[PDB]
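Just below is one structure, and these are the notes that go with it.
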Amino acid sequence: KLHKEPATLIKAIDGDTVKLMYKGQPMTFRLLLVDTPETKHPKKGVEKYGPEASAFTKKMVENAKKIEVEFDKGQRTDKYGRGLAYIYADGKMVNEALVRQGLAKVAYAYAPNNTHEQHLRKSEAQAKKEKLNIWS
């Protein structure tokens, strides 16, 4: 079973990346299962809807009174040392909120880190049907 743990916002970095205080140590978190247009993309820099996605994530975590991180079942850090998790702001999953708004696509999932994949894909299908942002 997945478990939610408390954390404290330090700084929102990009639409798919936020730095948090987790267990007394500052750490960069990469949002599991979602790909957002980037503003700090290593090859393109700023893509379309990139500023929109970053703003959405930033506002969501900054306005939250309780932030929680939920690791999946596989590895918990990627090769760059970023934690891999589902992030919740006052009980709402940021990863899902971005996909539901058409500000993120569901990324290629790798078991065992794919527990909420079907949930996310369902929100993505709804965002496509509504032709929101990325899907218009």
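Chain identifiers are assigned as A, B, and so on, following the order in which chains appear in the structure tokens; residues are numbered from 1 within each chain, and ligands are numbered from 1 in order of appearance.
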
For this session: Looking only at alpha helix (DSSP H) from DSSP on the backbone, list the matching residues of chain A as JSON, numbers by chain.
Result: {"A": [50, 51, 52, 53, 54, 55, 56, 57, 58, 59, 60, 61, 62, 94, 95, 96, 97, 98, 99, 100, 117, 118, 119, 120, 121, 122, 123, 124, 125, 126, 127, 128, 129]}

Could you write out that same residue set with N, CA, C and O atoms as a compact mmCIF listing (two decimals), in the first residue's frame?
# COMPACT_ATOMS: atom_id res chain seq x y z
N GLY A 50 4.61 26.02 -21.18
CA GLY A 50 5.61 25.83 -20.15
C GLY A 50 5.38 26.79 -18.99
O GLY A 50 5.36 26.36 -17.83
N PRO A 51 5.21 28.10 -19.27
CA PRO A 51 4.98 29.08 -18.20
C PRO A 51 3.67 28.81 -17.47
O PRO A 51 3.57 29.02 -16.26
N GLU A 52 2.69 28.30 -18.21
CA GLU A 52 1.37 27.98 -17.69
C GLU A 52 1.46 26.83 -16.68
O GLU A 52 0.90 26.91 -15.57
N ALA A 53 2.15 25.75 -17.06
CA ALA A 53 2.33 24.58 -16.20
C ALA A 53 3.11 24.93 -14.94
O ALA A 53 2.73 24.55 -13.84
N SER A 54 4.20 25.67 -15.11
CA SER A 54 5.00 26.08 -13.97
C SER A 54 4.20 26.93 -12.99
O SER A 54 4.37 26.82 -11.77
N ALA A 55 3.36 27.81 -13.52
CA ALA A 55 2.56 28.69 -12.69
C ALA A 55 1.52 27.88 -11.93
O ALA A 55 1.29 28.09 -10.75
N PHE A 56 0.90 26.95 -12.64
CA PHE A 56 -0.11 26.12 -12.03
C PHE A 56 0.46 25.33 -10.84
O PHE A 56 -0.12 25.35 -9.74
N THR A 57 1.60 24.66 -11.04
CA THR A 57 2.24 23.88 -9.97
C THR A 57 2.65 24.79 -8.81
O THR A 57 2.35 24.51 -7.64
N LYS A 58 3.27 25.92 -9.14
CA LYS A 58 3.71 26.88 -8.13
C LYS A 58 2.57 27.39 -7.25
O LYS A 58 2.67 27.37 -6.03
N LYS A 59 1.48 27.82 -7.87
CA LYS A 59 0.34 28.34 -7.11
C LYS A 59 -0.28 27.26 -6.23
O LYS A 59 -0.62 27.51 -5.06
N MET A 60 -0.39 26.06 -6.78
CA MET A 60 -0.97 24.93 -6.07
C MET A 60 -0.24 24.56 -4.81
O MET A 60 -0.87 24.31 -3.79
N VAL A 61 1.09 24.49 -4.87
CA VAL A 61 1.87 24.13 -3.69
C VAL A 61 2.05 25.29 -2.71
O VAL A 61 2.01 25.10 -1.49
N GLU A 62 2.17 26.50 -3.23
CA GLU A 62 2.35 27.66 -2.36
C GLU A 62 1.11 28.00 -1.56
O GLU A 62 1.23 28.48 -0.44
N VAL A 94 -1.15 16.89 -7.16
CA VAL A 94 -0.69 17.86 -8.13
C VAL A 94 -0.49 17.19 -9.49
O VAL A 94 -0.87 17.76 -10.52
N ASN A 95 0.09 15.99 -9.50
CA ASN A 95 0.36 15.29 -10.76
C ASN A 95 -0.94 15.16 -11.56
O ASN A 95 -0.96 15.47 -12.76
N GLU A 96 -2.03 14.77 -10.89
CA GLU A 96 -3.35 14.58 -11.56
C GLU A 96 -3.95 15.91 -11.98
O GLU A 96 -4.49 16.02 -13.09
N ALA A 97 -3.86 16.92 -11.12
CA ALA A 97 -4.39 18.25 -11.44
C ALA A 97 -3.79 18.80 -12.75
O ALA A 97 -4.53 19.31 -13.62
N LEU A 98 -2.48 18.66 -12.94
CA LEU A 98 -1.82 19.13 -14.17
C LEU A 98 -2.36 18.41 -15.41
O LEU A 98 -2.62 19.04 -16.43
N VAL A 99 -2.50 17.09 -15.32
CA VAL A 99 -3.02 16.27 -16.42
C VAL A 99 -4.49 16.63 -16.70
O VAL A 99 -4.89 16.80 -17.87
N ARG A 100 -5.29 16.78 -15.64
CA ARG A 100 -6.70 17.14 -15.79
C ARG A 100 -6.90 18.49 -16.50
O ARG A 100 -7.87 18.67 -17.23
N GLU A 117 -1.05 5.20 -12.73
CA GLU A 117 -1.05 5.42 -14.18
C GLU A 117 -2.43 5.44 -14.86
O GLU A 117 -2.72 6.36 -15.65
N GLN A 118 -3.27 4.47 -14.55
CA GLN A 118 -4.61 4.41 -15.14
C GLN A 118 -5.49 5.57 -14.68
O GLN A 118 -6.28 6.11 -15.45
N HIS A 119 -5.33 5.97 -13.43
CA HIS A 119 -6.06 7.11 -12.88
C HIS A 119 -5.66 8.36 -13.68
O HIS A 119 -6.50 9.12 -14.16
N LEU A 120 -4.36 8.53 -13.85
CA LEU A 120 -3.87 9.67 -14.60
C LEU A 120 -4.32 9.64 -16.05
O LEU A 120 -4.79 10.65 -16.59
N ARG A 121 -4.21 8.48 -16.70
CA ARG A 121 -4.62 8.40 -18.10
C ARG A 121 -6.11 8.74 -18.32
O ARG A 121 -6.48 9.31 -19.34
N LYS A 122 -6.93 8.43 -17.31
CA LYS A 122 -8.35 8.73 -17.38
C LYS A 122 -8.53 10.24 -17.34
O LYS A 122 -9.37 10.77 -18.08
N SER A 123 -7.74 10.94 -16.53
CA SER A 123 -7.86 12.40 -16.48
C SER A 123 -7.34 13.01 -17.76
O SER A 123 -7.88 14.01 -18.23
N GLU A 124 -6.33 12.40 -18.35
CA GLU A 124 -5.78 12.90 -19.61
C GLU A 124 -6.79 12.76 -20.75
O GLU A 124 -6.88 13.64 -21.62
N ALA A 125 -7.52 11.65 -20.76
CA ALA A 125 -8.52 11.42 -21.81
C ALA A 125 -9.62 12.48 -21.70
O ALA A 125 -10.11 12.96 -22.72
N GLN A 126 -9.97 12.85 -20.47
CA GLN A 126 -10.99 13.88 -20.23
C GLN A 126 -10.48 15.25 -20.69
O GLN A 126 -11.21 16.01 -21.33
N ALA A 127 -9.22 15.56 -20.39
CA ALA A 127 -8.62 16.82 -20.83
C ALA A 127 -8.58 16.89 -22.37
O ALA A 127 -8.75 17.97 -22.96
N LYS A 128 -8.34 15.75 -23.02
CA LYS A 128 -8.30 15.70 -24.48
C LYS A 128 -9.69 15.97 -25.05
O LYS A 128 -9.85 16.70 -26.02
N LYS A 129 -10.70 15.33 -24.45
CA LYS A 129 -12.08 15.49 -24.87
C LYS A 129 -12.54 16.94 -24.72
O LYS A 129 -13.37 17.42 -25.48

For this session: Check chain A with DSSP on the backbone and list each residue it calls strand (DSSP E), as a PyMOL selection string.
Result: chain A and resi 4-14+17-22+25-31+34-35+67-71+83-89+92-93+105-106

For this session: Compile the contact shell of residue 70 of chain A as a PyMOL selection string: residues with an atom at most 9 Å away, counting only C-alpha atoms, same-chain residues fewer than 5 positions apart removed.
Result: chain A and resi 2-6+84-88

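Checking A:133, A:27, A:34, A:43 one by one against residue 11 of chain A, counting only C-alpha atoms, you find the shortest gap at A:27.
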
For this session: Would you mind telling me which residue in A:103, A:7, A:89, A:18 lies nearest to residue 134 of chain A when using only C-alpha atoms?
Result: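 Nearest to residue 134 of chain A: A:103.
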